[PDB]
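Peer 1: Take this sequence and fold it.
(8 chains, ligands or ions: 12)
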Amino acid sequence: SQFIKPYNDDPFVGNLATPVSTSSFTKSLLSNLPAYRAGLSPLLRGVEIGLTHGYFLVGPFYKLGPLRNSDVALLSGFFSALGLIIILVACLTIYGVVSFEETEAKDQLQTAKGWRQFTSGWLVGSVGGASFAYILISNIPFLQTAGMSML
Amino acid sequence: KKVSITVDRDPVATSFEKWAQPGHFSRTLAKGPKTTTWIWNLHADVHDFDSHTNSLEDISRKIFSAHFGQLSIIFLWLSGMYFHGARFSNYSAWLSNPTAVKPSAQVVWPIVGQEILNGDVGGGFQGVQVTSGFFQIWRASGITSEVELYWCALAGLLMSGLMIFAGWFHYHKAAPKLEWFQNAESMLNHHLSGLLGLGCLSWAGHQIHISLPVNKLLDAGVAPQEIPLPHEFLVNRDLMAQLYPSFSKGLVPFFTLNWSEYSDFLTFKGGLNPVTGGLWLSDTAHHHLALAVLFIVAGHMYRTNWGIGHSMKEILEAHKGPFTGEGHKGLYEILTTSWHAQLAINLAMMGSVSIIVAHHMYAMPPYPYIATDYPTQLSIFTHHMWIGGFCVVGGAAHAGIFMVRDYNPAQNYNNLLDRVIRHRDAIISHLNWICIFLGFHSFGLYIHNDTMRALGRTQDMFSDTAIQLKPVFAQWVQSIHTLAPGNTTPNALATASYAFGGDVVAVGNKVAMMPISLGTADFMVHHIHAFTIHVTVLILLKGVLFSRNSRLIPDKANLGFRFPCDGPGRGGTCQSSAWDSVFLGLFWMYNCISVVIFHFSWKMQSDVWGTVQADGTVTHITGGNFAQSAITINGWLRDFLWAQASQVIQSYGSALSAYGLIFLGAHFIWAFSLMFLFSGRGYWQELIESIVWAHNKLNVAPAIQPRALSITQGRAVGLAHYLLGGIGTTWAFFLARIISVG
Amino acid sequence: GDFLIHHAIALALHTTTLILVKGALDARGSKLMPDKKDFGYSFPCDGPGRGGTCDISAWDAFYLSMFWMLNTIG
Amino acid sequence: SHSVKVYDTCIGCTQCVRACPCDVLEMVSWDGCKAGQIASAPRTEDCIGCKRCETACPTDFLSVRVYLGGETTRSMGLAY
Amino acid sequence: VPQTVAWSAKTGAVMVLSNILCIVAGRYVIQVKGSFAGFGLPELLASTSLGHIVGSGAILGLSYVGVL
Amino acid sequence: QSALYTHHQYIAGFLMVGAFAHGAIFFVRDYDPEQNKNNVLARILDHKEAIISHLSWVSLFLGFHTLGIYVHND
Amino acid sequence: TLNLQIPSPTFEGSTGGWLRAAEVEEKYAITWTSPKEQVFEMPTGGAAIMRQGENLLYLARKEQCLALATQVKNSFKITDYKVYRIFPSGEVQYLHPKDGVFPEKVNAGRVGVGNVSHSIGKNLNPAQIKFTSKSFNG
Amino acid sequence: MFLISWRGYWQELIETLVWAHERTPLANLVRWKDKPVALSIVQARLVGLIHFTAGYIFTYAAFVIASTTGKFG
Ligand code: CLA
Ligand code: CLA
Ligand code: CLA
Ligand code: CLA
Ligand code: CLA
Ligand code: CLA
Ligand SMILES: CC1=CCCC(C)(C)[C@H]1/C=C/C(C)=C/C=C/C(C)=C/C=C/C=C(C)/C=C/C=C(C)/C=C/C1=C(C)CCCC1(C)C
Ligand SMILES: CC1=C(C/C=C(\C)CCC[C@H](C)CCC[C@H](C)CCCC(C)C)C(=O)c2ccccc2C1=O
Ligand SMILES: CC1=C(C/C=C(\C)CCC[C@H](C)CCC[C@H](C)CCCC(C)C)C(=O)c2ccccc2C1=O
Ligand code: SF4
Ligand code: SF4
Ligand code: SF4
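Peer 2: Numbers count the residues shown, from 1 in each chain, chains lettered A, B, ... in the order given. Ligands and ions are numbered 1, 2, ... in the order given. Shown next is the protein structure:
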């Protein structure tokens, strides 16, 4: 009864098959993430990933920024999150420019057209998620005080 | 029988012949010098017994006799300390007035004006103030006269002679065989039950029969010269029974299990003695007696000539599960064949135990009048912290030495060692990542707070008057331990230490112990400590796990444990050995222990140590500056480093001026160390070529050709002078400051 | 004090001159490495052989002399 | 790739070839020495530059010489 | 302080019971040494030492909790 | 005055170190012995050992006695 | 030629094995024959047990293969080992021993590469060969 | 740190980091174009010298200007 096995039945590759790396739960979670899920265009992978990360990017800027004790804390935090989103989109753009040669293939992430679609989706999702987080914190007083409003 | 005594008689003749032949132990070195490198090789590899011969028996005999020689040196040192306490100390005057007489057991001769170092230490005595804590130990042991110290010195000298004679006998006359050394079960049984167990029992006997009545008379205010001699406490049961009436009942309550009758001299009071500021000696007597009972019970565990007992090989091989393959199989052979693995384990444990000793001895002062002796407390904490760190790094080093030399992959197939080697990349990568995470979210807090205070934004800082990082877990543990007497420890009168909370124990208007609160600065500095310890672990573990091979050097085990490099190729393979990883980990141990002792010194001087005056307010040494200053590097630089160095730089013309001299000298030597650390061998070899030309011009070139120190020796010399300089600088600064203000 | 600090300055100037002149004059070759001019002005070493050859180039003598120059201006 | 040269001071002791971890040198027939052989470097594209051959050479100042040049994947010792 | 008692017949009864239980347990569980064949002096010493240990622990615990 | 003195003296140290470094580069790259037979440069190279040894002697002299006076006074 | 169907030594796997550059840039192979099943140390870290008969192993670097060859030569007296280079296209290039005879032994047909016809002290100064493509050897 | 610690330790750490990045999901979709290596020996000497020299200059300039300003300005 051994729980740790050579990866992919190859003992000489630089990896091991472990319960953390190769169990059914880990494989299901990785295969159901948008970066690996089958049947998705790169644009929709970008949209989901951008929605998630841009949605969670609003929080630290609103709660810990230099304007956090002012009345415009949420507006400043959303604007800072949008600036970080623009910087990361520029990072994606230069990565795709330098990493891929121009090929006909556009249904994979590691192609030039596919990465450009992924970057476009990530920008649009990041703006949408950040705006949704701004709306929710603006309209719900529970999120404005992060739970001290119950006390 | 299986455990027996086997000895070879007269294996090595006692002669002075090899004394005249340096390098006799090494076949390479016995040919004699041709270069100056030979001398350094002779002094560097001399006690590396396993590299001179392949016979394990001779190596073990050499190890046993060298341990006897070290024990002889330690007994000579102890006898010296007792004699210098007996003849050149103010110990009786300190016994009469502990709160006003500075301990001093070193007197200098007047030669060049150094008699100024014989400072006015009180009690009509002039000498160098000592901080080793021997006076408090002798007061705890019941030593009331210098005659007893003279007899202790004589006993130490006799034991030193006995140890050196035992070394000569057990190497040169009757050397034990390899089968005698390879009895781990018998050695553990005898050393657990006889060494630790009977030692604890006899010291509990000494504490109960000698230390308790003498110290009870001392705390009641009796002068030492009218206190009865210890043998009078032994023979006069009435004289003891006035102080502890249970001695009137004799040993009948012990054998009839009516032990609560003995509750007056075996207590579990806890806290501290209000008269002396130390632990109750009855608590220590029960403690060592309980340790004696537990150790003697533990010393009957392991299997021997008779059928009872555990077999450690069976215990190791039985513990194996689905995640770990063969489990602990093969470790018994490793630990019964390789001395280096045992040295690794025992050095690691002794270092951790020394660190535990430092923490538990500052927090719970065990000796009378040692709590208000602030130099003694700071000295023993810093000293045992440094010894602990050195021993831990040595355990890692000698683990790496085992990995290079004594590891056999054929006998280590799919056991824990093999699987640790087989996921070394995951270990080092995850540890490296967590070290970078710790570095960012610990040191960047200090950098961030420095910038915010510099930018005039005090409300943006990490502090108690700003955005807070409260140590809620440690405060909760402190609350539990303060609430522990009577709730989870119903038989304790007081807390184990007042550092968790409670009253201010003060002795002679000086704080013995008070509660040590934990705030944002304590949070940041404890996570700095965790960061530094994890980085030291990263360096040492990466050196150990990659000691035999790596992706860079696939045959690193053939090069050995200690080599400078594998050439400039592969981009450069400099400092690729495990020895160089130990070389860097010693620097990081220095950094870690330095930050730990700086935290200790500042926190005790700011929040614990101080003077008690009227209306019960406590005036601390630095006035409580730790909470607002230890959150920035600038606060550490100004209020701790700049502020407390005033005493060592203005010590000139006083008795502490030697510390200032040592301060400067350590400042010199550490900088001198960088000349070895930053430079390389080829420059010095060509400069030595020019100097050799100069000596050739006057026909005064030596026959032994001078060579530059080796690359490994350059690193080692730079590290040794660096460690000496840094530890001496902290030594002089700490000692001058704490003698002056405390 | 002025006497002592000028003689210290003379010490530092002479020592920096020693490092720099020794680097310039041994740049073409030494007893440890007689073909140094074939390897250029800057290279890491000549390997661990012949006792070890760390910091043997004249660029390394520049590197060592920079600390002494900082010391002298300090 | 690094450049490895063998000069005619070679005595054909074969130590440099035995010290090479990357199989860069080999012994070829020659008439310049009593051993009747000289070292050669036909495979310097696999040379990492470790200079173990230079450490192994017993002739006063070395007969085999390694000149570090342009770094490649093989010469940098990269398993990635 | 936990209450301990002077020696009595109850203390002897607990100690004797602890010795007899530890002798039977040592008879049954010791791996390396009709039913009492091979019973030697070291095994008797070990079993009776555990009997004194268990009896002391039981006597102190029952004296604490009031069973006496 | 302090800033101007410190600035231009550090510039001076950098310039002198650069002078010696680029002289070493001149020996590495540009020095032709055959065009400089029995020249002053060649005679520097022919008694370079005396120059370096006497620089070492004066540096050790200065450091030994200057540090000895300073430590003596301390 | 490299037989791809040679069985491999029994190994439980490790994190030290070959990375993506082995399948993308180049990979190395070592084959050898053992007289018995015996435990050897992997050059990437860890212990493996080689089978009786032929053994094929894959590595990322040539030096790792030659380190394993030296280890089995000095610990198991195995000298019949062969080292090949494999590209992603599938072309196999035999590397060691190149002509069947080990490089420390003289074999006929070998030609000297990089041999210089003078001592090392007769190399040219850079000033002759500055602004000129002449070699420093002459 | 660039003048005391030398190359092979950092190079093996970078081998470990390359393995960690290549074996981590959601990050091996991103690949470097240049292989990460440790700094070379001469480069590391130069970088340690640069950090050392900058610290020397900035420390003394800050000290002399702030000290002269505090005493006299
Ligand atoms: C109960 C018996 C007993 C005792 C007390 C010891 C004690 C010791 N052994 Mg040990 N040993 C024993 C049995 C015992 N051994 C057996 C049976 C074996 C074989 C399996 C070994 C094999 C062994 C090895 C291989 C080594 C030791 C070492 C040591 C020393 C550890 C260092 C230390 O803490 O010294 C401080 C502790 C002290 C008590 C200091 C006093 C030292 C003397 C010798 C104690 C003598 C006590 C005496 C018997 C009783 C007189 C007391 C009183 C009645 C007057 C220590 C003195 C190590 C060492 O340093 O060897 C030199 C070591 O390397 N032992
Ligand atoms: C008739 C049977 C009997 C009875 C009724 C008792 C009853 C008792 N025994 Mg007792 N005992 C017995 C038999 C018995 N024992 C036997 C046969 C022995 C063997 C000789 C002992 C030995 C023994 C000792 C040595 C002690 C007791 C104590 C006690 C009292 C403890 C009360 C309590 O809350 O525990 C305390 C409960 C706790 C949770 C405290 C924690 C204890 C330590 C600190 C925990 C350490 C854990 C450690 C870190 C490992 C954890 C990690 C893990 C994941 C591996 C209790 C009245 C204690 C006593 O007298 O106190 C006054 C005591 O010290 N017993
Ligand atoms: C239990 C303690 C212990 C023991 C028995 C050993 C034993 C051994 N170690 Mg080990 N080691 C230890 C602790 C220990 N070490 C610790 C704590 C460290 C961390 C610092 C190390 C680090 C270490 C390394 C890195 C190496 C060893 C090596 C060795 C072996 C040969 C040592 C030798 O020949 O030195 C001979 C003795 C000397 C060279 C004397 C050293 C003098 C020191 C450097 C200076 C002391 C300064 C002084 C205290 C202050 C003076 C200042 C004053 C002038 C002002 C030997 C097996 C070496 C080896 O080859 O292992 C196989 C090796 O490479 N060890
Ligand atoms: C004070 C000087 C200093 C500093 C800052 C470092 C920093 C570091 N060392 Mg080092 N080291 C030093 C001196 C220093 N060392 C010395 C003197 C030695 C002598 C022996 C060593 C020996 C040594 C070894 C042997 C090892 C390290 C390791 C590390 C790394 C630990 C990871 C970490 O904490 O990340 C946190 C990073 C910091 C604390 C640096 C400061 C960054 C803060 C947060 C501010 C950030 C500002 C921001 C980036 C600026 C952006 C502006 C933009 C314009 C660029 C880190 C890069 C280890 C390593 O790399 O493993 C992980 C390792 O193995 N070092
Ligand atoms: C009283 C305190 C004192 C102390 C402790 C020292 C200590 C030292 N001096 Mg010193 N010195 C002192 C006072 C002192 N000096 C004074 C007052 C003078 C002025 C005359 C000198 C002049 C002096 C010189 C000129 C030299 C030293 C050197 C040295 C160092 C090596 C010792 C030595 O000669 O090697 C023992 C001797 C030998 C190994 C070989 C003999 C070489 C001697 C010095 C030649 C003397 C005869 C020669 C013909 C005179 C030439 C001098 C000429 C250049 C003016 C040593 C650290 C030497 C040094 O630093 O080396 C770089 C060195 O060259 N000292
Ligand atoms: C405070 C630090 C310090 C000190 C004292 C030295 C000292 C020295 N360096 Mg140096 N160096 C340092 C830092 C330091 N370096 C650093 C950080 C670097 C950058 C990497 C260099 C780079 C460097 C180079 C590149 C060169 C030197 C040279 C020299 C030597 C000649 C200069 C001199 O004054 O001679 C006088 C010597 C001294 C003042 C040294 C102290 C002498 C002591 C005090 C004598 C007494 C010893 C004592 C009795 C020993 C007892 C100990 C015992 C009990 C254990 C001398 C040994 C040059 C050289 O070798 O010239 C010949 C040389 O070429 N060093
Ligand atoms: C909790 C749990 C316990 C411990 C373990 C654990 C597993 C680690 C942990 C889980 C943790 C972590 C991982 C929690 C997982 C977290 C993430 C951050 C949740 C993100 C949700 C984004 C949703 C709300 C929005 C999409 C935006 C909507 C559609 C848009 C509207 C927009 C669209 C474009 C249309 C136009 C209008 C606008 C408004 C512009
Ligand atoms: C200075 C230095 C040297 C030169 C050190 C020399 C070679 C050894 C000095 C040892 C002396 C001779 C012994 C102690 C000196 C005493 C103060 C006086 C000498 C007494 C004589 C009678 C021997 C190196 O060899 C070296 C190697 C690698 C990295 C850095 C360095 C390095 O910085
Ligand atoms: C820490 C350390 C490393 C690790 C250093 C890593 C590889 C480099 C980290 C630097 C990051 C990647 C960029 C730093 C950015 C700088 C602030 C500015 C660079 C851009 C300007 C030059 C324009 C080595 O590679 C090394 C090699 C040889 C001897 C000693 C050491 C050594 O001590
Ligand atoms: S500089 Fe020194 S340690 Fe580094 S590769 Fe060269 S010889 Fe080895
Ligand atoms: S430098 Fe190393 S790899 Fe290159 S030829 Fe010499 S020994 Fe072989
Ligand atoms: S080691 Fe030197 S002498 Fe020997 S064969 Fe090689 S080049 Fe010739």
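Peer 1: separation between the residue lying closest to residue B:378 once chain neighbours are set aside and residue B:605?
Peer 2: Closest residue to residue B:378 apart from its sequence neighbours, by CB to CB, 6 or more residues apart in numbering or on different chains: residue B:738 at 4.9 Å. To be clear about C-beta, it is placed using only N, CA and C from the backbone, and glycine gets the same treatment. Distance, residue B:738 to residue B:605, using CB to CB, to the nearest Å: 8 Å.
Peer 1: secondary structure element for the residue nearest to residue B:378?
Peer 2: helix B:711-741 (DSSP states H and E).
Peer 1: Residue 57: neighbouring residues, count only.
Peer 2: No chain in the question, so chain A it is. 23 (other CB atoms under 10 Å in any protein chain shown).
Peer 1: that's the wrong chain, I meant chain G
Peer 2: The burial count for residue G:57: 25, using other CB under 10 Å.
Peer 1: That one bridge partners, please.
Peer 2: Beta-bridge pairing for residue G:57 (DSSP bridges): residue G:30.
Peer 1: my read: it touches residue G:71, true?
Peer 2: No - using CB atoms under 8 Å, residue G:57 makes no contact with residue G:71, being 12.0 Å away.
Peer 1: near chain H, which residues of chain F show up?
Peer 2: Neighbours of chain H within chain F, by CB under 8 Å from any CB of the partner chain: F:2-3, F:6, F:10.
Peer 1: just the strands in chain C please.
Peer 2: Taking DSSP state E as the criterion, chain C carries no strands.
Peer 1: about what we covered before: of the residues of chain F next to chain H, grab the buried ones for PyMOL.
Peer 2: Under the burial definition 16 or more other CB atoms under 10 Å in any protein chain shown, those of those that qualify are selected in PyMOL by:
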select buried, chain F and resi 6+10
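Peer 1: Can I get the residues of chain F next to chain H in TSV including distance to chain A and secondary structure?
Peer 2: Output for those, formatted as TSV (distance: CB to the nearest CB, whole Å; DSSP: H, G, I helix; E, B strand; the rest coil):
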residue	distance to chain A	secondary structure
F:2	36	helix
F:3	34	helix
F:6	36	helix
F:10	38	helix
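Peer 1: Between the residues of chain F next to chain H, which sits nearest chain D?
Peer 2: residue F:10 (34.5 Å; CB to the nearest CB).
Peer 1: residues near residue 42, how many?
Peer 2: You didn't pick a chain, so chain A it is. Residues lying near residue A:42 (other CB under 10 Å) number 25.
Peer 1: Chain D is the one I meant
Peer 2: 17.
Peer 1: Please tell me how far the nearest residue to it once chain neighbours are set aside sits from residue D:30.
Peer 2: Counting by CB to CB, 6+ apart, residue D:42 lies nearest to residue G:113, which is 4.1 Å off, once chain neighbours are set aside. Applying CB to CB, the value for residue G:113 to residue D:30 is 13 Å.
Peer 1: go on, residue B:702?
Peer 2: 41 Å.
Peer 1: next one: residue B:692
Peer 2: Distance from residue B:692 to residue D:30, by CB to CB: 36 Å.
Peer 1: Next: residue B:140.
Peer 2: Residue B:140 is 83 Å from residue D:30, by CB to CB.
Peer 1: and those two? which has more neighbours close in?
Peer 2: The residue with more neighbours, out of residue B:140 and residue D:30, is residue B:140; 24 against 19, by other CB under 10 Å.
Peer 1: Run through the bridge partners of the closest residue to chain D within chain A.
Peer 2: Closest to chain D within chain A is residue A:14: 8.6 Å, counting by CB to the nearest CB. Bridge pairing for residue A:14 (DSSP bridges) gives the partners residue G:14.
Peer 1: quick one, what contacts it?
Peer 2: B:425, G:14-19, G:44, H:19, H:22-23 (CB atoms under 8 Å, 6 or more residues apart in numbering or on different chains).
Peer 1: can you rerun that using 10 Å?
Peer 2: By CB atoms under 10 Å, 6 or more residues apart in numbering or on different chains, residue A:14 lies in contact with A:7, B:425, B:551, D:79-80, G:13-20, G:22, G:44, G:60, H:18-19, H:22-23.
Peer 1: Which among these count as buried?
Peer 2: Applying 16+ other CB under 10 Å to the contacts of residue A:14 flags A:7, B:425, B:551, D:79-80, G:13-20, G:22, G:44, G:60, H:18-19, H:22-23 as buried.
Peer 1: In helices only, show me these.
Peer 2: The members of the buried ones among the contacts of residue A:14 that map onto helices under DSSP state H are B:425, G:20, G:22, H:18-19, H:22-23.
Peer 1: Identify the residue spatially nearest to residue C:40, adjacent ones excluded.
Peer 2: residue F:28 (6.3 Å).
Peer 1: Who are the packing partners of the helix or strand harbouring the one you found?
Peer 2: In this assignment (DSSP H and E), residue F:28 forms part of helix F:2-29. With contacts taken as 3 or more CB pairs under 10 Å, 6 or more residues apart in numbering or on different chains; DSSP states H and E, helix F:2-29 sits against helix C:2-25, helix C:58-73, helix F:40-46, helix G:126-129, helix H:41-72.
Peer 1: got the buried residues for the second one?
Peer 2: Within helix C:58-73, the residues that qualify as buried are C:58-70, C:72-73, counting by 16+ other CB under 10 Å.
Peer 1: Ok, the first one next?
Peer 2: Going by neighbour count (16+ other CB under 10 Å), the buried part of helix C:2-25 is C:8, C:11-25.
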